[PDB]
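Peer 1: Below is one structure. I have some questions about it.
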Amino acid sequence: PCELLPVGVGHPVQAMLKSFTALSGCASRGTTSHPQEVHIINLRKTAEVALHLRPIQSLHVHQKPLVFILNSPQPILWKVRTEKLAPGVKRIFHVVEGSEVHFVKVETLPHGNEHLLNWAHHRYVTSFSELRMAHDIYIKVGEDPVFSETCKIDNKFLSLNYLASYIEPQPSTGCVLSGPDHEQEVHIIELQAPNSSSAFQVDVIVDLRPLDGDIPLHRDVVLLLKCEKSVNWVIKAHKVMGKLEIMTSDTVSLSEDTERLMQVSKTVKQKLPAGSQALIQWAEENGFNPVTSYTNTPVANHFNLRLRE
């Protein structure tokens with residue numbers, strides 16, 4: 001009954017790959033004696049990027065003038081979203097030809113990290129973040145006394161103060177076999193890898209909610225989760241009430257909300273077969289009938305499961 005095809009937008013399971021995008025960076029305590037803070041972004045490929053501004057957990061309300069060297073190879077639309085910024089303080093953004101800012105000086109900047117650092121040294125450094133790509137960049141403004149007085153680029157450097165994320169839709173293979181039948185849905189997610197690296201025992205989020213979004217559902221859910229690598233399945237339910245049964249050999253983390261909304265059956269580890277045919281067969285033999293859908297994804301760490309009605 002399963003005829004696998006590359007899945008469309010209407011397939012109930014939509015895969016994504018959310019990643020942290022840091023390549024190299026540094027941070028410094030050195031900007032203390034100077035008048036403005038200098039935060040450098042070196043982006044590595046019109047596209048828009050969200051720049052989220054907030055102070056370090058130490059600071060209540062950030063008062064120090066800021067300068068942002070925002071390097072990109074091709075132009076980008078920078079939409080700055082700030083929290084706890086003193087209005088009226090000098091806001092300077094050094095940007096490339098064609099780039100624009102929201103909520104400013106146009107420059108010719110070098111592409112290398114040390115050259116871009118050298119460009120900043122010549123004019124004025126608190127932080128440098130080289131990023132692979134980015135939808136959103138999160139920067140915590142303030143001098144952290146944990147860093148050295150110098151900013152020395154390191155490809156193994158990561159601070160929670162300077163982060164950037166990217167969400168990439170991922171193609172899947174799959175089939176929808178039946179509709180919700182006995183106020184229940186049974187979904188099989190066969191994942192090949194959680195990421196594009198050797199990052200072991202990572203979280204794979206299963207976001208479970210109605211396709212509508214405003215009207216909460218009374219629906220029982222069975223999930224058969226399979227991966228050929230070790231993963232931690234994170235179940236995040238929203239606006240769905242009913243039984244939740246997870247059939248997997250991996251570890252399962254339930255959201256605080258999954259527990260208040262759903263009656264989660266005790267996760268008893270199960271060894272499942274591989275491939276669409278074997279997995280559909282296993283489900284029916286174990287009393288999870290009829291199967292709503294099957295999805296095969298080569299690489300993903302986030303699945304959006306949407307329930308009909």
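Letters A, B, ... mark the chains of the structure tokens in the order given; residue numbers begin at 1 per chain; ligand numbers begin at 1, in order shown.
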Excluding segment 255-258 of chain A and residues on its chain fewer than 3 positions from it, collect all residues at most 8 Å away from it, counting only C-alpha atoms, and give them as number ranges by chain.
Peer 2: A: 234-238, 261-262, 264
Peer 1: Store the residues of this selection in a file with C-alpha atoms, as a compact mmCIF listing (two decimals), in the first residue's frame.
Peer 2:
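This went into again.txt:
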```
# COMPACT_ATOMS: atom_id res chain seq x y z
CA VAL A 234 12.77 15.33 21.85
CA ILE A 235 8.95 15.34 21.81
CA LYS A 236 7.44 18.87 21.78
CA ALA A 237 3.61 18.72 21.70
CA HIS A 238 1.43 21.88 21.41
CA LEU A 261 -1.11 17.80 27.47
CA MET A 262 -0.61 14.12 26.79
CA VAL A 264 2.52 9.45 27.77
```
Peer 1: Segment 116-232 of chain A: which residues are helix (DSSP H, G or I) by DSSP, as an MDAnalysis selection string?
Peer 2: chainID A and resid 116:123
Peer 1: Using only C-alpha atoms, which of the listed residues (A:25, A:194, A:1, A:171) sits closest to residue 293 of chain A?
Peer 2: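 Of A:25, A:194, A:1, A:171, the one nearest residue 293 of chain A is A:1, counting only C-alpha atoms.
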Peer 1: Applying 7 Å and only C-alpha atoms, which residues near residue 225 of chain A remain after dropping the ones on its own chain fewer than 2 positions away? List them as a list in words.
Peer 2: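 Near neighbours after the sequence-gap exclusion: residues 188, 189, 190, 223, 247 and 248 of chain A.
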Peer 1: Just C-alpha atoms for this one: save the residues we selected as a PDB file, in the first residue's frame.
Peer 2:
```pdb
ATOM      1  CA  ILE A 188       6.909   6.201  11.162  1.00  0.00           C
ATOM      2  CA  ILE A 189       9.972   8.451  10.945  1.00  0.00           C
ATOM      3  CA  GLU A 190      13.096   6.664   9.521  1.00  0.00           C
ATOM      4  CA  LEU A 223       5.370   7.379  16.853  1.00  0.00           C
ATOM      5  CA  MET A 247       8.308   2.987  19.752  1.00  0.00           C
ATOM      6  CA  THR A 248      12.105   3.396  19.479  1.00  0.00           C
TER       7      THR A 248
END
```
Peer 1: Please report the interatomic distance between atom CA of residue 229 of chain A and atom CA of residue 282 of chain A in Å with one decimal.
Peer 2: 20.0 Å
Peer 1: Nearest residue to residue 290 of chain A out of A:307, A:176, A:41, A:202, using only C-alpha atoms?
Peer 2: A:176
Peer 1: With only C-alpha atoms as the basis for distance, which of A:53, A:200, A:187, A:214 is at the shortest distance from residue 244 of chain A?
Peer 2: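 Smallest separation from residue 244 of chain A among the options: A:187.
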Peer 1: Find the spatial neighbours of segment 265-268 of chain A, counting only C-alpha atoms, within a cut-off of 12 Å - ignore same-chain residues fewer than 6 positions away - and output them as a list in words.
Peer 2: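 Everything that qualifies: residues 220, 221, 222, 223, 224, 225, 233, 242, 243, 244, 245, 246, 247, 248, 249, 250, 251, 252, 253, 254, 258 and 259 of chain A.
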Peer 1: Can you tell me which residues surround residue 180 of chain A at a distance of at most 7 Å, considering only C-alpha atoms, apart from same-chain residues fewer than 4 positions away, and format the answer as a PyMOL selection string?
Peer 2: chain A and resi 184-185+292
Peer 1: Taking only C-alpha atoms into account, name the residue in A:298, A:87, A:145, A:35 that is nearest to residue 174 of chain A.
Peer 2: A:298
Peer 1: Smallest atom-to-atom distance to residue 51 of chain A: which of A:105, A:115, A:79, A:123, using only C-alpha atoms?
Peer 2: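 Closest candidate: A:79.
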Peer 1: Can you work out which one of A:186, A:69, A:227, A:134 has the shortest atom-to-atom distance to residue 118 of chain A, counting only C-alpha atoms?
Peer 2: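 Smallest separation from residue 118 of chain A among the options: A:69.
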Peer 1: Excluding same-chain residues fewer than 4 positions from residue 16 of chain A, what lies within 9 Å of it counting only C-alpha atoms, as a list in words?
Peer 2: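 Here the answer would be residues 167, 168, 169, 170, 171, 299, 300, 301, 302, 303 and 304 of chain A.
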Peer 1: Figure out the distance between atom CA of residue 24 of chain A and atom CA of residue 116 of chain A, please, to one decimal in Å.
Peer 2: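 The value is 13.0 Å.
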Peer 1: If I take atom CA of residue 279 of chain A and atom CA of residue 206 of chain A, how far is one from the other in Å, to one decimal?
Peer 2: 18.6 Å
Peer 1: Could you tell me, as number ranges by chain, which residues of segment 49-295 of chain A DSSP assigns to strand (DSSP E) when given the backbone?
Peer 2: A: 49-55, 66-71, 76-82, 91-95, 100-102, 105-106, 127-131, 136-141, 162-170, 173-176, 184-193, 203-210, 217-218, 220-227, 232-237, 240-247, 251-254, 262-264, 293-295
Peer 1: Mind checking which residues fall within 10 Å of residue 44 of chain A, counting only C-alpha atoms, ignoring those fewer than 4 positions away in the same chain, and posting them as a PyMOL selection string?
Peer 2: chain A and resi 21+23+71-74+111+130-134
Peer 1: With C-alpha atoms retained, write the just-selected residues as a PDB file, in the first residue's frame.
Peer 2:
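Saved to again37.pdb:
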```pdb
ATOM      1  CA  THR A  21      26.856  28.037  12.169  1.00  0.00           C
ATOM      2  CA  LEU A  23      33.359  28.514  12.044  1.00  0.00           C
ATOM      3  CA  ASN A  71      30.901  41.392   6.519  1.00  0.00           C
ATOM      4  CA  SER A  72      29.152  39.306   3.812  1.00  0.00           C
ATOM      5  CA  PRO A  73      30.368  38.173   0.333  1.00  0.00           C
ATOM      6  CA  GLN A  74      27.081  39.187  -1.434  1.00  0.00           C
ATOM      7  CA  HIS A 111      37.251  38.472   3.329  1.00  0.00           C
ATOM      8  CA  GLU A 130      33.145  33.754  11.364  1.00  0.00           C
ATOM      9  CA  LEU A 131      29.784  32.105  10.291  1.00  0.00           C
ATOM     10  CA  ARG A 132      29.101  29.530   7.581  1.00  0.00           C
ATOM     11  CA  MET A 133      25.591  31.056   6.846  1.00  0.00           C
ATOM     12  CA  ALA A 134      22.750  32.463   9.021  1.00  0.00           C
TER      13      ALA A 134
END
```
